[PDB]
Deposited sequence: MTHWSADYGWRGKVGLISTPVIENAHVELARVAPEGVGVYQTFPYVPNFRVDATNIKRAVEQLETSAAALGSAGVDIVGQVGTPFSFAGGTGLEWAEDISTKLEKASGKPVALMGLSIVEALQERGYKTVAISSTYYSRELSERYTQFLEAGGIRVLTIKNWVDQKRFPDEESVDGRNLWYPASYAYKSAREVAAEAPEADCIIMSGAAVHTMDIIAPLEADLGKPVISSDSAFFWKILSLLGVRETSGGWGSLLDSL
């Protein structure tokens, strides 16, 4: 048994120095290999010209990963699925570019949340987005509504706050199909199952949806553990 015998995933990471590769390695079942690469995007600023440069860098990264030999490519960064305008048009475009560039199927962090909610038939959500500013939250809300998903509520201001906020939000909107925790940089995988147990409702995060998507694409139907119902449904 060599590493990655069950499927190899290449993750395009933000210069955030995101730790998604580690988290995926914990969640993935035995045999799934994880790889990582960083796009080179110095002096980034929010201009079309910079965004165009960014996307070309993502395409390079994807091609680097493709060439390396991964089976699937994942793009880390939830707000980048709504980087432009409104709707799901932007995301689906990028997705295609990266499929084109890599020769491999592709998952994007933000888009995965929508795909997950859809696959699960969750129509209404209640959202805790501790990590987000009011501009970002409305943008995000829009994005989900673009996917046919009613947002009954959203809140923003350690894990104590993560847990407490999700509890609060679920209290507010008991009729929600699913609870969402958003903000990719907080580490939520460990609290999903406890929250699902305490609330008796599905709970989904940027991370969990992304990993669900990645494992779906790999065609792998096991996880290592107790990562919540979405991942148990694979």
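- In this chain the deposited sequence has gaps in the coordinates at 1 to 5, 163 to 181, listed in sequence order.
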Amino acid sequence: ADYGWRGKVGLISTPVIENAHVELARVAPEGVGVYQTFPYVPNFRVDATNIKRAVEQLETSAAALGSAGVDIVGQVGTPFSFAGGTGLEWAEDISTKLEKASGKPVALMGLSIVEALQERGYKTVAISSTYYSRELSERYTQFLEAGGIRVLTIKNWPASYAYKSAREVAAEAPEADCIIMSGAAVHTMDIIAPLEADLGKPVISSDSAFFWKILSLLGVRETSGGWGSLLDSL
From here on, numbers count along this sequence of modelled residues.
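- Annotation for 81 to 89 versus 106 to 114: the higher mean temperature factor (C-alpha) is found in 81 to 89.
- The PDB entry reports B-factors from which the mean C-alpha value can be compared for 29 to 37 and 52 to 60; the larger average falls on 52 to 60.
- Taking only the listed residues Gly183, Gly200, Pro194, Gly66, the entry reports the highest CA temperature factor at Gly183.
- Among the modelled residues of the chain, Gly74 sits in the lowest third by CA temperature factor in this PDB entry.
- Per the PDB record, residue ranking by Cα B-factor puts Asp47 in the highest third of the chain.
- In this PDB entry, the Cα temperature factor of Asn19 sits in the middle third of its chain's modelled residues.
- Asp177: CA B factor lies in the middle third for its chain, per the PDB record.
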